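Residue numbers (the authors' numbering): 1 to 116.
A virtual CB, placed ideally from N, CA and C, is assigned to each residue, including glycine.
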Amino acid sequence: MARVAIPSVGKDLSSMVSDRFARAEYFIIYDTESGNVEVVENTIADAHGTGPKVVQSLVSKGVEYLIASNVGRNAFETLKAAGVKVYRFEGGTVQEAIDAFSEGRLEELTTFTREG
């Protein structure tokens with residue numbers, strides 16, 4: 001059992017999932033013990049900075065997982081620093097990231113490319 005986070009852009013369970021962990025706007029933390037959810041509101045819409053902050057918060061709510069197709073930048077190392085299993089997602093609202101993951105139709109995203 002764990003906490004998966006999901007990069008949303010709003011505070012309902014059929015809001016759109018963002019194509020970017022560290023450029024999401026909300027993080028939906030599904031507690032796989034009592035079907036409970038928390039909506040974090042994390043106003044990360046740029047790159048650079050010092051410290052995770054995004055990661056620091058989610059991590060400090062035990063999050064050992066994530067459903068995120070890609071990242072902004074400056075977070076992926078601090079994810080795995082807290083054993084955070086980052087999945088891919090591709091095209092869905094917050095529930096789809098779960099329904100997809102839970103019934104094994106998502107990918108483990110344990111590296112990715114960036115020509116930037």
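By the Cβ test, the stretch 76 to 87 is in contact with the stretch 100 to 113, since at least three Cβ pairs between them sit closer than 8 Å. Under DSSP, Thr93 shares a beta bridge with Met16.
Between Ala100 and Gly72, the CB-CB gap reaches or exceeds 8 Å. By the C-beta density criterion, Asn70 is buried, having at least 16 other C-beta atoms within 10 angstroms. Residue pairing by DSSP puts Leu66 in a beta bridge opposite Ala5 and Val86.
Ranked by how close their Cα comes to the Cα of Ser57, the residues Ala68, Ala45 and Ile29 have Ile29 in first place.
Boundaries of the beta strand (DSSP E) around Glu41: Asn36 to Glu41.
For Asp46, the three-state secondary structure derived from DSSP is coil. Excluding sequence positions up to five before and after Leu13, its CB lies within less than 6 Å of the CB of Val94 and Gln95, all in the same chain and listed in chain order. Using a Cβ distance threshold of 8 Å, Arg105 and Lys61 do not count as a contacting pair.
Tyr26 is positioned such that its CB atom lies closer than 8 Å to that of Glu41.
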